[PDB]
Structure formats: structure tokens, C-alpha cells
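Colleague: Input structure: query.txt, which contains compact mmCIF, C-alpha atoms and all ligand atoms.
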# COMPACT_ATOMS: atom_id res chain seq x y z
CA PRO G 1 -54.05 108.85 136.89
CA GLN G 2 -50.92 106.69 136.88
CA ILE G 3 -48.69 106.97 133.82
CA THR G 4 -46.11 104.38 132.84
CA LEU G 5 -43.15 105.15 130.66
CA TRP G 6 -43.34 102.43 128.06
CA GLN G 7 -44.60 105.06 125.63
CA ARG G 8 -44.20 108.81 125.38
CA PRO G 9 -46.34 110.41 128.11
CA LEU G 10 -48.66 112.22 125.72
CA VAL G 11 -51.63 114.20 126.99
CA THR G 12 -54.20 116.51 125.42
CA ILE G 13 -54.22 120.10 126.63
CA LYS G 14 -56.59 123.02 126.03
CA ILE G 15 -55.33 126.57 125.47
CA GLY G 16 -56.48 129.65 123.58
CA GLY G 17 -59.56 127.69 122.58
CA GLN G 18 -57.44 125.11 120.78
CA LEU G 19 -57.30 121.44 121.85
CA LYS G 20 -53.73 120.11 121.60
CA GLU G 21 -51.42 117.18 122.32
CA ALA G 22 -48.45 117.53 124.63
CA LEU G 23 -45.53 115.78 126.23
CA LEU G 24 -45.31 115.56 130.04
CA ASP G 25 -41.62 116.48 130.39
CA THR G 26 -40.19 116.61 133.91
CA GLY G 27 -36.75 117.68 132.65
CA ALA G 28 -38.19 120.96 131.39
CA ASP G 29 -38.24 123.91 133.76
CA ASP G 30 -40.77 125.64 131.50
CA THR G 31 -43.66 124.86 129.18
CA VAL G 32 -42.98 125.44 125.46
CA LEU G 33 -45.60 125.03 122.72
CA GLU G 34 -45.43 125.22 118.92
CA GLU G 35 -46.21 128.63 117.44
CA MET G 36 -49.67 130.06 118.15
CA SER G 37 -51.54 133.23 119.07
CA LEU G 38 -52.08 134.04 122.74
CA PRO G 39 -53.78 137.18 124.09
CA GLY G 40 -52.01 139.89 126.09
CA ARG G 41 -48.43 141.12 125.83
CA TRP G 42 -45.38 138.84 125.74
CA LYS G 43 -41.64 139.31 126.21
CA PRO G 44 -38.88 137.84 124.03
CA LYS G 45 -36.76 135.21 125.80
CA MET G 46 -34.11 132.58 125.04
CA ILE G 47 -34.45 129.00 126.27
CA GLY G 48 -31.90 126.25 125.61
CA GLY G 49 -32.23 122.45 125.44
CA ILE G 50 -30.61 119.55 123.55
CA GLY G 51 -29.73 121.21 120.22
CA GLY G 52 -29.16 124.71 121.58
CA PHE G 53 -31.28 127.82 121.97
CA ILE G 54 -34.55 128.86 120.36
CA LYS G 55 -36.07 132.35 120.70
CA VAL G 56 -39.54 132.25 122.27
CA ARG G 57 -42.34 134.65 123.21
CA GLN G 58 -43.16 134.44 126.93
CA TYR G 59 -46.79 134.80 128.02
CA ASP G 60 -47.64 134.97 131.73
CA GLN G 61 -50.70 134.01 133.76
CA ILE G 62 -52.02 131.62 131.11
CA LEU G 63 -54.85 129.18 131.74
CA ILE G 64 -54.25 125.60 130.58
CA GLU G 65 -56.40 122.48 130.96
CA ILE G 66 -54.27 119.32 131.14
CA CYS G 67 -55.95 115.97 131.70
CA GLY G 68 -59.15 117.90 132.45
CA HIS G 69 -57.08 119.79 135.03
CA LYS G 70 -57.07 123.56 135.31
CA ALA G 71 -53.72 125.28 135.80
CA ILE G 72 -52.45 128.81 135.23
CA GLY G 73 -48.84 129.75 134.55
CA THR G 74 -46.18 130.96 132.21
CA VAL G 75 -46.22 129.69 128.65
CA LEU G 76 -43.52 130.13 126.00
CA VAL G 77 -44.44 130.10 122.31
CA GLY G 78 -41.79 129.47 119.69
CA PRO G 79 -40.25 127.18 117.07
CA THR G 80 -40.36 124.06 119.22
CA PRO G 81 -40.27 120.67 117.54
CA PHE G 82 -42.76 119.31 120.05
CA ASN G 83 -45.32 120.65 122.53
CA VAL G 84 -43.84 120.21 126.03
CA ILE G 85 -45.57 120.73 129.41
CA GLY G 86 -42.90 121.64 131.95
CA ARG G 87 -42.53 121.44 135.70
CA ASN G 88 -44.00 124.94 135.72
CA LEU G 89 -47.50 123.61 135.25
CA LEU G 90 -46.81 120.02 136.25
CA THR G 91 -46.57 121.08 139.89
CA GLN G 92 -49.91 122.89 139.62
CA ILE G 93 -51.73 119.63 138.86
CA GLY G 94 -49.93 117.70 141.59
CA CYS G 95 -47.69 115.68 139.33
CA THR G 96 -45.07 113.45 140.92
CA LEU G 97 -42.44 110.88 139.89
CA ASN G 98 -42.53 107.48 141.69
CA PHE G 99 -40.24 104.45 141.68
CA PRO R 1 -39.15 107.46 146.20
CA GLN R 2 -41.89 109.98 145.42
CA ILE R 3 -40.38 113.03 143.71
CA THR R 4 -42.13 116.36 143.41
CA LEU R 5 -41.21 118.92 140.74
CA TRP R 6 -40.97 122.33 142.35
CA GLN R 7 -37.21 121.71 142.00
CA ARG R 8 -35.34 119.96 139.17
CA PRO R 9 -35.66 116.18 139.61
CA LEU R 10 -31.89 115.76 140.08
CA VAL R 11 -30.57 112.37 141.19
CA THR R 12 -27.12 110.88 141.76
CA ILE R 13 -26.05 108.20 139.27
CA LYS R 14 -23.15 105.78 139.66
CA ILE R 15 -21.60 105.37 136.21
CA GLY R 16 -18.19 103.79 135.70
CA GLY R 17 -17.45 104.17 139.41
CA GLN R 18 -18.03 107.93 139.21
CA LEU R 19 -20.97 109.57 140.99
CA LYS R 20 -22.80 112.10 138.81
CA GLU R 21 -25.85 114.36 138.91
CA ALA R 22 -28.52 113.50 136.36
CA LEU R 23 -32.05 114.71 135.58
CA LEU R 24 -35.09 112.37 135.48
CA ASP R 25 -36.81 113.34 132.21
CA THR R 26 -40.00 111.67 131.01
CA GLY R 27 -39.85 113.80 127.87
CA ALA R 28 -36.68 112.12 126.55
CA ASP R 29 -36.86 108.63 125.06
CA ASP R 30 -33.16 107.97 125.49
CA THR R 31 -30.51 108.72 128.12
CA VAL R 32 -28.12 111.50 127.07
CA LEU R 33 -25.07 112.21 129.26
CA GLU R 34 -22.25 114.76 129.05
CA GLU R 35 -19.06 113.85 127.15
CA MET R 36 -17.27 110.98 128.87
CA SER R 37 -15.29 107.84 128.19
CA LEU R 38 -16.87 104.40 128.36
CA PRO R 39 -16.17 100.78 127.49
CA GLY R 40 -16.54 99.23 124.09
CA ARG R 41 -17.30 100.27 120.54
CA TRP R 42 -20.03 102.87 119.91
CA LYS R 43 -22.47 103.43 117.05
CA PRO R 44 -23.32 106.94 115.78
CA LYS R 45 -26.76 108.47 116.38
CA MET R 46 -28.51 111.77 115.71
CA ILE R 47 -30.90 113.04 118.37
CA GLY R 48 -33.38 115.89 118.17
CA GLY R 49 -33.95 118.17 121.17
CA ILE R 50 -35.90 121.39 121.73
CA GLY R 51 -33.20 123.40 119.99
CA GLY R 52 -32.01 121.20 117.15
CA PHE R 53 -30.34 117.89 116.33
CA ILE R 54 -27.01 116.66 117.66
CA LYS R 55 -24.79 113.66 116.85
CA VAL R 56 -23.98 111.39 119.80
CA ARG R 57 -22.08 108.24 120.70
CA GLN R 58 -24.38 105.30 121.28
CA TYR R 59 -23.22 102.79 123.89
CA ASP R 60 -25.16 99.58 124.55
CA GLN R 61 -25.47 97.44 127.65
CA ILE R 62 -23.97 100.04 130.01
CA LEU R 63 -24.23 99.64 133.77
CA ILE R 64 -25.84 102.63 135.43
CA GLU R 65 -26.94 102.94 139.06
CA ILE R 66 -29.77 105.46 139.52
CA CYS R 67 -30.69 106.18 143.15
CA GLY R 68 -29.62 102.67 144.17
CA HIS R 69 -31.56 100.97 141.39
CA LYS R 70 -29.45 99.00 138.94
CA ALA R 71 -30.13 99.53 135.23
CA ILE R 72 -28.35 98.20 132.14
CA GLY R 73 -29.18 99.69 128.74
CA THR R 74 -28.18 102.12 126.01
CA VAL R 75 -26.50 105.42 126.84
CA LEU R 76 -25.99 108.33 124.48
CA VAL R 77 -22.85 110.43 125.05
CA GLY R 78 -22.77 113.89 123.49
CA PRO R 79 -22.83 117.65 123.86
CA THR R 80 -25.78 117.90 126.23
CA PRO R 81 -26.49 120.91 128.43
CA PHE R 82 -27.07 118.49 131.30
CA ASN R 83 -26.99 114.77 132.14
CA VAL R 84 -30.49 113.50 131.30
CA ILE R 85 -32.07 110.13 132.14
CA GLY R 86 -34.66 109.01 129.60
CA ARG R 87 -37.56 106.61 129.33
CA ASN R 88 -35.33 103.71 128.34
CA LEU R 89 -33.91 103.63 131.84
CA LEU R 90 -36.88 105.00 133.77
CA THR R 91 -39.03 102.06 132.64
CA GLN R 92 -36.22 99.89 134.00
CA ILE R 93 -36.30 101.37 137.50
CA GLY R 94 -40.09 101.16 137.36
CA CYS R 95 -40.69 104.90 137.15
CA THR R 96 -44.17 106.32 136.66
CA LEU R 97 -45.81 109.78 136.47
CA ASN R 98 -48.52 110.19 139.13
CA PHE R 99 -51.44 112.54 139.51
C1 LIG H 1 -33.58 114.47 125.03
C2 LIG H 1 -34.56 115.25 124.17
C3 LIG H 1 -35.77 115.46 124.59
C4 LIG H 1 -36.20 116.90 124.93
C5 LIG H 1 -36.92 117.67 123.83
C6 LIG H 1 -38.29 117.07 123.76
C7 LIG H 1 -38.85 116.50 122.54
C8 LIG H 1 -39.58 115.30 122.67
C9 LIG H 1 -40.09 114.64 121.53
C10 LIG H 1 -39.90 115.24 120.27
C11 LIG H 1 -39.32 116.51 120.15
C12 LIG H 1 -38.73 117.11 121.29
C13 LIG H 1 -36.78 116.85 126.05
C14 LIG H 1 -36.09 117.58 127.19
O1 LIG H 1 -36.59 117.39 128.44
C15 LIG H 1 -35.42 118.76 126.84
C16 LIG H 1 -34.93 119.80 127.83
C17 LIG H 1 -33.58 120.04 128.58
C18 LIG H 1 -32.98 118.81 129.31
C19 LIG H 1 -35.84 121.01 127.69
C20 LIG H 1 -37.16 120.85 127.25
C21 LIG H 1 -38.01 121.98 127.17
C22 LIG H 1 -37.52 123.25 127.54
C23 LIG H 1 -36.16 123.43 127.82
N1 LIG H 1 -35.79 125.17 128.23
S1 LIG H 1 -35.86 125.38 129.83
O2 LIG H 1 -35.39 126.74 130.08
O3 LIG H 1 -37.20 125.02 130.26
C24 LIG H 1 -34.73 124.27 130.57
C25 LIG H 1 -33.37 124.58 130.52
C26 LIG H 1 -32.46 123.68 131.08
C27 LIG H 1 -32.98 122.64 131.88
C28 LIG H 1 -32.01 121.52 132.30
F1 LIG H 1 -32.29 121.30 133.67
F2 LIG H 1 -32.38 120.45 131.45
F3 LIG H 1 -30.73 122.04 132.04
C29 LIG H 1 -34.32 122.31 131.69
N2 LIG H 1 -35.22 123.18 131.18
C30 LIG H 1 -35.33 122.30 127.90
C31 LIG H 1 -34.94 118.91 125.42
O4 LIG H 1 -34.28 119.85 125.09
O5 LIG H 1 -35.14 117.89 124.59
Render the structure in this file as C-alpha cells.
Modeller:
Amino acid sequence: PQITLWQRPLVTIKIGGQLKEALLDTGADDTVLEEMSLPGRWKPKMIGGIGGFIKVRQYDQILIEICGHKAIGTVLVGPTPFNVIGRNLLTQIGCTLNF
Amino acid sequence: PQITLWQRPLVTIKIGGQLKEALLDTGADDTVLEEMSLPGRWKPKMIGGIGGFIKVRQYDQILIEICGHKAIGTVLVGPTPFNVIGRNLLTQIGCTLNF
């Protein structure tokens, strides 16, 4: 659909059999979610943002349903303050910025 | 313009006569720029990011040109890893998320 920016661009996602709420963040290269259990092996990684770095666990080839939209891609799990859907999966669902 | 996200959504801003590179970020509510001087008095503000909170310098009614569009609102100045343009100014340029 079309999303205006008067409010935070919050969407519901589905992952690991858990329905969740996320932020569509176009400034994020990656997708970071609050702590959770995902299947398969993961690697430790460090991602920075406003505030500095947080250690995260990186899961690859993950299926996510955003706005009833399937998408597969890398997902990082860690001590994030908020769930954030990055460009990494935003491209996959054809998201653009218009103005 | 219509901006895709396979690349960072970097744009050129004109701020205080200087051209700068900023990021269009729907995930941020406010505009946070790298350390720089600006006119007037500033109020203090604490902002939370992915990796923690940071104090910043709040500046109101600042003139910022983003891709030719003229905006005038609040600008946070602080230790940010990158110049970020938030919802406060995106709503001003009439920026939406499409899909
Ligand atoms: C201005 C703060 C808002 C925000 C955090 C979001 C938030 C929203 C509501 C409540 C709580 C938190 C959103 C934002 O886009 C990021 C950024 C960097 C600008 C961000 C977000 C997610 C991941 C990262 N790590 S990264 O490797 O994907 C990365 C690293 C750097 C860049 C750069 F282009 F921003 F430098 C972008 N992405 C960074 C952030 O660090 O804080």
C-alpha cells in the first residue's frame, strides 16, 4: 500500500511462528529483531547505529512475511530496543521511497 | 523522485550553505546530523538508537534543503555515525513508503 510518515511506519511481521510488530526503516542496511529463537546455525556479528554497537546473532536464508508479503533473507537477533525491518528485506517486497 | 533501496538512500542536503550527504530514514522520528555549528540557542535532548542513548543539541526552525525541496524544522546535532533525515522532515517534503 502507500505509507505516509505522520506516524511510525509500523507493520506486523511473521517469523519463527511468532507474529510481531516492526518498523520499516530505510536507513538500516540490515534487519534486526529483539531476542528470539531461530532454527539453524548463526554467526556472531557486530552492527552499529545511533548509540554504538550491539552484538547480534546472524541467521541467513530466513523466511519473513511482512504485510502478507513473503521474503527470505538475513536476519540478526540481538539486544535491539526495537524490531527493525531493513533494506535487506525491504527490497524483496518492492518497497520504494517517493516524494 | 522514486527511490529504491538496493543502495543506501543517500541524498544531498543544503544546510547552512554547505552541501552534505544524508540518509533518508523512515525509522527515525527526528533528524540527527553529524557535529556542526548552527545559528541560535539549542536545547538538550537524549535520543535512543539501536545501540544506546546519546545526548544531542536540539535546534529549532532550521533551514534544510533536501533534494531541492525546502524544509524548516528541528535538527538534532550529535555524535551520529551518519547524517540521518527523519520523519519530521520527510513528512515535510511529502515522503511516503510505497509497495
Ligand atoms: C535515529 C534513531 C533511530 C534508529 C533506531 C530505531 C529505533 C526506532 C524506534 C525505537 C527504537 C529504535 C533507526 C535507524 O535507522 C538506525 C540506524 C543507523 C542510521 C540502524 C538501524 C538498524 C540497524 C543498524 N546496523 S546496520 O549494520 O544495519 C547499519 C549500519 C550503518 C548504516 C548507516 F548507513 F546508517 F550508517 C545503516 N545500517 C543501524 C538507528 O540506529 O537508530
Colleague: Give me, as a PyMOL selection string, the set of residues whose atoms come within 7 Å of any atom of ligand LIG 1 (chain H), counting only C-alpha atoms and all ligand atoms.
Modeller: (chain G and resi 23+25-32+47-51+81-82+84+86) or (chain R and resi 8+23+25+27-30+32+48-51+81-82+84)
Colleague: Could you state the separation of atom CA of residue R:65 and atom CA of residue R:6 in Å, given to one decimal place?
Modeller: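 If I compute the distance from atom CA of residue R:65 to atom CA of residue R:6, I get 24.2 Å.
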Colleague: Interatomic distance between atom CA of residue R:42 and atom CA of residue G:9?
Modeller: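 If I compute the distance from atom CA of residue R:42 to atom CA of residue G:9, I get 28.6 Å.
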Colleague: Can you build me a table of chain R residues sitting at most 6 Å from chain G, with the closest atom pair per residue and its distance in Å to one decimal, using only C-alpha atoms, sorted by chain and residue number, as JSON lines?
Modeller:
{"residue": "R:1", "atom": "CA", "partner": "G:99", "partner_atom": "CA", "distance": 5.5}
{"residue": "R:2", "atom": "CA", "partner": "G:98", "partner_atom": "CA", "distance": 4.5}
{"residue": "R:3", "atom": "CA", "partner": "G:97", "partner_atom": "CA", "distance": 4.8}
{"residue": "R:4", "atom": "CA", "partner": "G:96", "partner_atom": "CA", "distance": 4.8}
{"residue": "R:5", "atom": "CA", "partner": "G:87", "partner_atom": "CA", "distance": 5.8}
{"residue": "R:25", "atom": "CA", "partner": "G:27", "partner_atom": "CA", "distance": 4.4}
{"residue": "R:26", "atom": "CA", "partner": "G:25", "partner_atom": "CA", "distance": 5.1}
{"residue": "R:27", "atom": "CA", "partner": "G:25", "partner_atom": "CA", "distance": 4.1}
{"residue": "R:49", "atom": "CA", "partner": "G:50", "partner_atom": "CA", "distance": 4.3}
{"residue": "R:50", "atom": "CA", "partner": "G:49", "partner_atom": "CA", "distance": 5.3}
{"residue": "R:51", "atom": "CA", "partner": "G:51", "partner_atom": "CA", "distance": 4.1}
{"residue": "R:52", "atom": "CA", "partner": "G:51", "partner_atom": "CA", "distance": 3.8}
{"residue": "R:53", "atom": "CA", "partner": "G:51", "partner_atom": "CA", "distance": 5.2}
{"residue": "R:54", "atom": "CA", "partner": "G:51", "partner_atom": "CA", "distance": 5.9}
{"residue": "R:80", "atom": "CA", "partner": "G:50", "partner_atom": "CA", "distance": 5.8}
{"residue": "R:87", "atom": "CA", "partner": "G:5", "partner_atom": "CA", "distance": 5.9}
{"residue": "R:91", "atom": "CA", "partner": "G:5", "partner_atom": "CA", "distance": 5.5}
{"residue": "R:94", "atom": "CA", "partner": "G:99", "partner_atom": "CA", "distance": 5.4}
{"residue": "R:95", "atom": "CA", "partner": "G:99", "partner_atom": "CA", "distance": 4.6}
{"residue": "R:96", "atom": "CA", "partner": "G:4", "partner_atom": "CA", "distance": 4.7}
{"residue": "R:97", "atom": "CA", "partner": "G:3", "partner_atom": "CA", "distance": 4.8}
{"residue": "R:98", "atom": "CA", "partner": "G:2", "partner_atom": "CA", "distance": 4.8}
{"residue": "R:99", "atom": "CA", "partner": "G:95", "partner_atom": "CA", "distance": 4.9}
Colleague: So how far away is atom CA of residue R:69 from atom CA of residue R:39, in Å?
Modeller: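 For atom CA of residue R:39 relative to atom CA of residue R:69, the distance reads 20.7 Å.
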Colleague: Show me, as a ChimeraX atom specification, the residues that have an atom within 6 Å of residue G:72 when counting all atoms listed in the file, minus same-chain residues fewer than 3 positions from it.
Modeller: /G:61-64
Colleague: Smallest atom-to-atom distance to residue R:33: which of R:75, R:18, R:13, R:66, using only C-alpha atoms?
Modeller: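 For residue R:33, the nearest of the candidates is R:75.
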Colleague: Could you check the closest approach to residue G:71 for each of G:57, G:14, G:20, G:41 and tell me which residue wins, using only C-alpha atoms?
Modeller: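 Answer, going by the shortest atom-to-atom distance: G:14.
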Colleague: Excluding residue R:58 and residues on its chain fewer than 5 positions from it, collect all residues at most 8 Å away from it, counting all atoms listed in the file, and give them as a PyMOL selection string.
Modeller: chain R and resi 42-45+74-77
Colleague: Hey, can I get the axis-aligned box for stretch 27-41 of chain G? All listed atoms, 5 Å padding on each side, centre and edge lengths in Å to one decimal, as lines of an AutoDock Vina configuration file.
Modeller:
center_x = -45.3
center_y = 129.4
center_z = 125.6
size_x = 27.0
size_y = 33.4
size_z = 26.3
